[PDB]
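Analysis of the macromolecular model
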Amino acid sequence: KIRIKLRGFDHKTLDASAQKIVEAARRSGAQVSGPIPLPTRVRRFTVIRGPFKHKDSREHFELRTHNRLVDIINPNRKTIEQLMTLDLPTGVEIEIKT
Amino acid sequence: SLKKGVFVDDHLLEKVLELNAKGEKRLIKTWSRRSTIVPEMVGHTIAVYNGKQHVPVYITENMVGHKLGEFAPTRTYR
Amino acid sequence: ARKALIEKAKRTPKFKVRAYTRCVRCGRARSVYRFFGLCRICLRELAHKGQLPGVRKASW
Amino acid sequence: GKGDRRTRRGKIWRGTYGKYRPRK
Amino acid sequence: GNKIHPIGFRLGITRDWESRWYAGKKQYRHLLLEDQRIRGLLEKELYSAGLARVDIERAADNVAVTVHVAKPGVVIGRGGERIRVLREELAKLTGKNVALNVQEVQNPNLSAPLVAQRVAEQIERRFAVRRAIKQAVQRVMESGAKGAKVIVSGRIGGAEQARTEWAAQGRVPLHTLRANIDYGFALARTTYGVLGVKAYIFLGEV
RNA sequence: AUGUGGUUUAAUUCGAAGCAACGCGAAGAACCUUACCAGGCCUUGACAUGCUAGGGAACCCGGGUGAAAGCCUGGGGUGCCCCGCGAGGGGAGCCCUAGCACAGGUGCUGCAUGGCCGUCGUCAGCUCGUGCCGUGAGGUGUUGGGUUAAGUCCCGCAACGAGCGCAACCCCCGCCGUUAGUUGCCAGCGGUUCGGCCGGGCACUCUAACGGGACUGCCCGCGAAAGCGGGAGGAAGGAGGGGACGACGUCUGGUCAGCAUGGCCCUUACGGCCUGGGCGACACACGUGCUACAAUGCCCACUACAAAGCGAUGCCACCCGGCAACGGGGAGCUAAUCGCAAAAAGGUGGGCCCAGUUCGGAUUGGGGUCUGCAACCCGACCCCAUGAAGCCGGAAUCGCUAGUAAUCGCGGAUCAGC
Ligand SMILES: NC[C@@H]1O[C@H](O[C@H]2[C@@H](O)[C@H](O[C@@H]3[C@@H](O)[C@H](N)C[C@H](N)[C@H]3O[C@H]3O[C@H](CO)[C@@H](O)[C@H](O)[C@H]3N)O[C@@H]2CO)[C@H](N)[C@@H](O)[C@@H]1O
Ligand SMILES: [Mg+2]
Ligand SMILES: [Mg+2]
Ligand SMILES: [Mg+2]
Ligand SMILES: [Mg+2]
Ligand SMILES: [Mg+2]
Ligand SMILES: [Mg+2]
Ligand SMILES: [Mg+2]
Ligand SMILES: [Mg+2]
Ligand SMILES: [Mg+2]
Ligand SMILES: [Mg+2]
Ligand SMILES: [Mg+2]
Ligand SMILES: [Mg+2]
Ligand SMILES: [Mg+2]
Ligand SMILES: [Mg+2]
Ligand SMILES: [Mg+2]
Ligand SMILES: [Mg+2]
């Protein structure tokens, strides 16, 4: 019944941050459809390296928004405690849906 | 090319309309070459700026759909 | 001119189409990535330093 | 072909749509 | 004119960012401009302390700003008189609640941007441009490094023709990703124009 | 079409100059941009910090004039320090004018510079320590024999080692495993208005994190060795394929117009603001490109090949009006969920019948649509008409060794639009 989207630039601070949200609902409540990894939005920017004319020759930058997903089916209040404000957000995004 | 207005500068009209209520002046000069020549506001002589000076363009009937700057040519020997 | 102009481009103007971008550092009109407000130059610079988060050398 | 507005291909190349290339 | 920035070459590995805050595609723009005029102000009124990194994090209207320095004493003031003034100065531009840790760089001769600054400082006080380099490297090797290298640009000693002095010791393998090479750059605005100081310190590995 | 040379201009702003300038700075010149010109204007200035001084001190609403900028104006206005006074004067904010320190300059110098870049060259190199040799500069090492993509490794050797390079450490793509179920499925079985749509299921596919896998490890031949030829197993051999990555140095290379910066120059102007024009000129010359010159083709209709990215001052399904561009309405989607989205080439049918053509789509007349204050100089699109050169290109000359070239469409950045 409860749906949480997880964005972020860093793939270790999702597979960490939101794989600890799997323990803080399994231990203190009921069923979880595990963490599901979403299509990542790669942004790429492409820049003429030098300040002045050197139009061939460039540098290539991406900015990669990783997305992950978790679903919890049984809303206990034994769960919404860690999943409420036992805070360890770091450089991560939090979407909460139903 | 538009169809909901002819996007003509009020500062010109206003000055032309409130000349048509008695007005037969030649020292009418403008910088709005971007304005359509409006339904029969003819007879008058508007001087249009080419970016260097105003040129007297005598406005007759055959040339009404057009813009003003079409008669103030901006570049020399073409 | 590039002072009286970094200033002018911030003023809200008669007509929104007279409006435009500018590298909020390196104060500059052309190649200005709107996702950053950053001139390609003053940008490759930050991108290198680590001052643009999650931005990284692309290689594929 | 590709240079002709009144073909379908002229449209495609130009990215446009019209009589000569309708949206289904 | 060759050669990539050694930090930027490493960001994914053996070097992480000076700004660890996510944003959507319409906040990022402003959370950056702020992010920057921050360092613009900090670095300017905090040279004395000698700041290496100006780390930053976010989580919606609060900001980390974990400034690393050689001389913590100078940012604080005897008790807490300056660190107050700074938290106060910050929120006047940053319309948010500015937190603010402070860190000691335990050994400043292994912080490349400090070593740069050091050498740059000497140059502005017309010092022996070539020995500065020589010494600086030594100092850095002396505090236990795996290698180092320092570079100064041109107009060395106010000479008419620009030149370029360098010196180095041990390893500085700029092509190895798994190296950990703190890099740093200092200016040096002198009576006869700018010189440029670059500094490389090898330490790391697996 | 575009960039450049030249010429022309009031101006056609500046730079870039063989390779390594010329679809380059420009990842978006109608006004903005804009640095150029012509005219109307402002001068302590569009922006920063302070000083000397009468005037008002927060502020609000018009009018005249003009193209706009600006300028000449008439009103609404009395909040706060201070009580020192029970009659309110003292430059506390703040705002004005008059001076002053200053701002401002995309003015010049890349041969005063930083930085960043280009370049020889991803070429196999350039060095150092100590020892040894030489009066010395220097040499040896780094020569020699083998080998490699490689100063890669091997064997030798008055050298023994090392550093910057090479390779490796990193990303993408090939095979498999683990972890995970609003995207996958009759794979299994069930219901299906037969659209994975419905309960249901992660098997598979995929998505994205972490592992595995390759080592000349194994077999035959050559070799002193490195390594070389061949074989098996394996998705993949001997660097599996593509990136990222650029030694000491060279070019007084490039940029003072991104920025930073030493010096010199302008300060009712070399600063500023505006409207208008110019950067779009056209007797010419060159570079890079597009579309062609057709039947292995062109046109029209039907027909799932699938594959990276963008989208809430947005992507717009679906209905309707218009030949259409587009205009009305209007659902879904902060997006693996909804949209841009048709992929095109291909396939199936039908037409054309070798013609300057149903090839080609320049030029030009006319009617429109959209963005935008505004589309004459200067936008893209649609529709009618008009159909130019062009029948595969002189001397010269360019790219590419495999999922390459050739060909076909698709997306993005900048961006109102282009
Ligand atoms: N990081 C720098 C960038 O590298 C670019 O890539 C350049 C090179 O790395 C690249 O490689 C060269 C090629 O230049 C040259 N004309 C012929 C040569 N065979 C190529 O080498 C080739 O083989 C090597 C090793 O096998 C590869 O690693 C290399 O990247 C590949 N291109 O081709 C480009 C130039 O011809 C550009 N040099 C330069 O514009 C840009 O700065
Ligand atoms: Mg090119
Ligand atoms: Mg002529
Ligand atoms: Mg614009
Ligand atoms: Mg045709
Ligand atoms: Mg110049
Ligand atoms: Mg130079
Ligand atoms: Mg230079
Ligand atoms: Mg030059
Ligand atoms: Mg001797
Ligand atoms: Mg080697
Ligand atoms: Mg060899
Ligand atoms: Mg390498
Ligand atoms: Mg020169
Ligand atoms: Mg102008
Ligand atoms: Mg041009
Ligand atoms: Mg023929």
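Residues numbered from 1 in each chain as written, not as in the entry; some residues may be left out. Chains lettered and ligands numbered in written order. Part of a larger assembly, values for the part shown. Heavy atoms only, no water.

The record names X-ray crystallography as the way this model was obtained, at a resolution of 3.1000 Å.

Looking up chain C in the PDB entry gives the name 30S Ribosomal protein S14, with the organism given as Thermus thermophilus. For this structure, the PDB entry title reads "Structure of the Thermus thermophilus 30S ribosomal subunit in complex with de-6-MSA-pactamycin". Entered under Function in the UniProt record, the comment concerning chain C runs "Required for the assembly of 30S particles and may also be responsible for determining the conformation of the 16S rRNA at the A site (By similarity). Binds 16S rRNA in center of the 30S subunit head." UniProt lists a comment for chain C under the heading Sequence similarities, and it reads "Belongs to the universal ribosomal protein uS14 family. Zinc-binding uS14 subfamily." (UniProt positions renumbered as here; feature names shortened; annotations may be inferred.)

Going by the annotation in the PDB entry, the name recorded for chain B is 30S Ribosomal protein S19, with Thermus thermophilus given as the source organism. Checking UniProt for chain B, the heading Function contains the comment "Located at the top of the head of the 30S subunit, extending towards the 50S subunit, which it may contact in the 70S complex. Contacts several RNA helices of the 16S rRNA." Quoted verbatim from the Sequence similarities field of UniProt, the annotation for chain B is "Belongs to the universal ribosomal protein uS19 family."

1. Here we look at the sheet that holds strand 3 (residues 67–69) of chain E
Sheet strands associate in pairs through backbone hydrogen bonding, adopting either a parallel or an antiparallel arrangement. All names here are of chain E. Pairing in this open sheet of three strands is mixed, and the strands run 1-3-5 from one edge to the other. Unpaired on one side and paired on the other, strand 1 (51–54) and strand 5 (102–104) mark the two borders of the sheet. Mean inter-strand twist for the sheet, computed between neighbouring axes without regard to direction, equals 25°. Contacting strand 1 and strand 3, helix 1 (residues 28–44) runs over the sheet at an angle of about 165° to strand 1. (Pairing = 2+ DSSP bridges. Helix = DSSP H or I, 4+ residues; strand = E, 2+ residues; numbered from the N terminus. Axes fitted to C-alpha atoms, helices over the stretch in contact; angles between N-to-C directions. Contact = heavy atoms within 4.5 Å.)

2. A word on the layout of surface pockets
Approximately 990 Å³ is the volume found for the second largest pocket. Of the residues contributing to the lining of the second largest pocket, the split by class is 23 nonpolar, nine polar and eight charged. (1 Å grid on protein atoms, 1.4 Å probe; cavity = no way out; pocket = protein on both sides within 12 Å on 5 of 7 lines; lining within 4 Å. Points joined across faces, edges and corners; volume = space filled by probe spheres on them. Nonpolar A, V, L, I, M, F, W, Y, C, P; charged D, E, K, R; others polar.)

3. A closer look at the protein's contact with RNA strand F
Taken together, 136 residues form the shell around RNA strand F, and within it A:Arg49, B:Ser1, C:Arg28, C:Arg40 and D:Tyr20 come nearest. Taking the atoms of RNA strand F that fall within 4 Å of the protein, sugar and phosphate contribute 73% of them. One of the side-chain nitrogen or oxygen atoms of A:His11 is found 2.7 Å away from a phosphate oxygen of RNA strand F. At a separation of 2.9 Å, a sugar or linking oxygen of RNA strand F approaches a polar backbone atom of E:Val194. For the surface near RNA strand F, the leading source of residues is strand 2 (residues 32–41) of chain A, giving nine residues. Its residues assigned to classes, the surface near RNA strand F comprises 41 nonpolar, 36 polar and 59 charged. (Near = heavy atom within 4 Å. Polar contact = N/O pair within 3.5 Å; in protein donor to acceptor, adjacent residues only side chain to side chain.)

4. Quick look at the arrangement of the chains
Taking contact number as the criterion, the leading pair out of three pairs of chains in contact is chains C and E. Separated without contact, chain A and chain D have their nearest C-alpha atoms at a distance of 24 Å. Structurally, chain C and chain D remain out of contact, their C-alpha atoms never closer than 25 Å.

5. Here's the deal with the nonpolar core
C:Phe36, C:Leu38, C:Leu52, C:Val55, E:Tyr28 and E:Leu46 are the most contacted members of the largest nonpolar core, which has 39 residues in total. Taken together, the elements giving at least two residues each to this core come down to strand 4 (58–63) of chain A, strand 2 (38–39) and helix 2 (41–49) of chain C together with helix 1, strand 1, strand 3 and helix 3 (81–93) of chain E. Among all residues touching C:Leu38, those that are not within four sequence positions of it are C:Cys23, C:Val24, C:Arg25, C:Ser31, C:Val32, C:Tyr33, C:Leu43, C:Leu46, C:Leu52 and E:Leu32. Grouped together as the second largest cluster of nonpolar side chains are 25 residues, E:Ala112, E:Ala116, E:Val140 and E:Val197 included. (Core = buried A, V, L, I, M, F, W, Y, C linked by side-chain atoms within 4.5 Å. Buried < 20%, exposed > 50% of the residue type's maximum accessible area, 1.4 Å probe, protein only.)

6. Observations regarding helix 3 of chain E
The α-helix advances 3.6 residues per turn, and as a result positions three or four apart in sequence lie on the same side. Residues and elements named next belong to chain E. Those residues of helix 3 lying buried are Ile83, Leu86 and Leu90. Looking straight down helix 3, one finds that the buried residues subtend no more than 55° of arc, so they occupy a single side. When the buried face of helix 3 is taken as reference, the exposed residues oriented beyond 90 degrees from it are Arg84 and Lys92. Summarising the contacts, the buried residues of helix 3 are in contact with helix 2 (72–76) and strand 4 (97–98). (Arc of directions from axis to C-beta.)

7. Re the packing of helix 4 (residues 112–124) of chain E against helix 5 (residues 129–142) of chain E
Axes are the key here: two packed helices are described by the angle between their axes and the distance separating the axes. Residues and elements named next belong to chain E. Where helix 4 contacts helix 5, the axes come no closer than 10 Å and their chain directions differ by 155°. Classed by the angle they form, the pair helix 4 and helix 5 counts as roughly antiparallel. Helix-helix and strand crossings are classified by hand; for helix 4 and helix 5 the assignment is right-handed. On helix 5, the residues that touch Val115, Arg118, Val119, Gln122 and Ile123 of helix 4 are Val129, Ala132, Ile133, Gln135, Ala136, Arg139 and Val140. (Parallel < 35°, antiparallel > 145°, perpendicular 65-115°, else oblique. Left-handed = near helix turned anticlockwise from the far one by under 90°.)

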